[PDB]
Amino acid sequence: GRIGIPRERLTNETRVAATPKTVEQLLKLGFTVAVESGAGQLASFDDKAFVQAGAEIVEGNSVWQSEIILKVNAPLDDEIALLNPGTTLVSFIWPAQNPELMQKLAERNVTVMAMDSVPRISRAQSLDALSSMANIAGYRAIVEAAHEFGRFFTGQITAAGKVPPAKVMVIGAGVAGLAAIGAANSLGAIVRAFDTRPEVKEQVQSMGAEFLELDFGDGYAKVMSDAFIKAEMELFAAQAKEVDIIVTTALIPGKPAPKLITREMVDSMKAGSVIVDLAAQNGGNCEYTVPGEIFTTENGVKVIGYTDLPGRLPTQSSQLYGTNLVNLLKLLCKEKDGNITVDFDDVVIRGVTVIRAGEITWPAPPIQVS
């Protein structure tokens, strides 16, 4: 039962699928581990920290000669040839958005587990890589906003005068948004949050933020109605005028991101304001967003549209993601003997297994339990 951890080859990727701490965990599961030399370097894990944990260091493509491969990103074209039949690959895959990739992997006679396809159910939280990464992205967004902001986040009284706190608006109070709210509140900002779902109001309020209400037959139809989208954009246009920081997190995989902050709203903001657009990978929630870059408007607003926020917390992201993969493996390897049993009676194994022994098993059916 050999687990191989390759170096991530997607350009600019700093994360690794295992850390020294998760390797000790994979050994308790009955596996051995080979890590490719240099794989943890950008996440601050050198070869000898892996050796200290109990892994073997290997060079070249020797790492691909293992029963299981743990990666962050999907194998590139030139890495797919290196998968041997009967190998089990665990990575992000995003099957719905990549039929070309799913074809290439199936002709390799491998089993594939997509970390993006973990069922969003309670018992799967400890394996939920999308949530791990979003929590990191939301914290990091505020670090990125503080770095570009030219004023204090924190209110204080100095001998040279009383400094007000920064005002922060967070749009979307899913996982990334809540993490941004938490970080901004920790820095002493006045934080406001909008989310279309009213159920999240007590979460937001407990983390110290104001839940923004709109002016203004089922819920779905209301949030899609012209009236709601008008009230929502007016809310944002008005907040834009008085806040210093906006974090946007409205992202659904595979769909272009809704433009909730227009050129005109950003144009009305105080100079030196910052917008961190966490939907930049799908085009961004802000019309000024240039994915991969910081764009500064003519009125002096910095629109941050980096799409690799977890990769800018690479040590943390590798540790949490790696822990997600460990927790998946605990499920796969119940008796702790280095043997993967891919059991489709377990709903989470079923949800994540998108290829099995050459046969595409994605998509999983709706979960329905007796």
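Each residue number is its position in the shown sequence, starting from 1.
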Completion exercise
Unresolved deposited positions lying between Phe216 and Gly217 come to 4 to 9
Fill in the blank from the handout: The stretch carrying the higher mean Cα B factor in the deposited entry, 60-68 or 30-38, is 60-68
Fill in the blank from the handout: Between 100-108 and 130-138, the record assigns the higher mean Cα B factor to 100-108
Completion exercise
From the entry's CA B-factor values, the highest among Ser186, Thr249, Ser91, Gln205 is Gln205
Practice task
Return the residue from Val276, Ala166, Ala176, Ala227 that has the highest Cα B-factor in the entry.
Solution key: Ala227
Completion exercise
Chain thirds by Cα B factor, record data; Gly311 belongs to the lowest
Practice task
Give the position of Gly351 by CA B-factor within its chain, expressed as the lowest, middle or highest third.
Solution key: middle
Handout entry: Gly338, C-alpha B-factor rank within chain (lowest, middle or highest third)
Key = highest
Completion exercise
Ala231: CA B-factor among chain residues, third -> highest
Fill in the blank from the handout: Sorting the chain's modelled residues by C-alpha B-factor and splitting them into thirds places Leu325 in the lowest
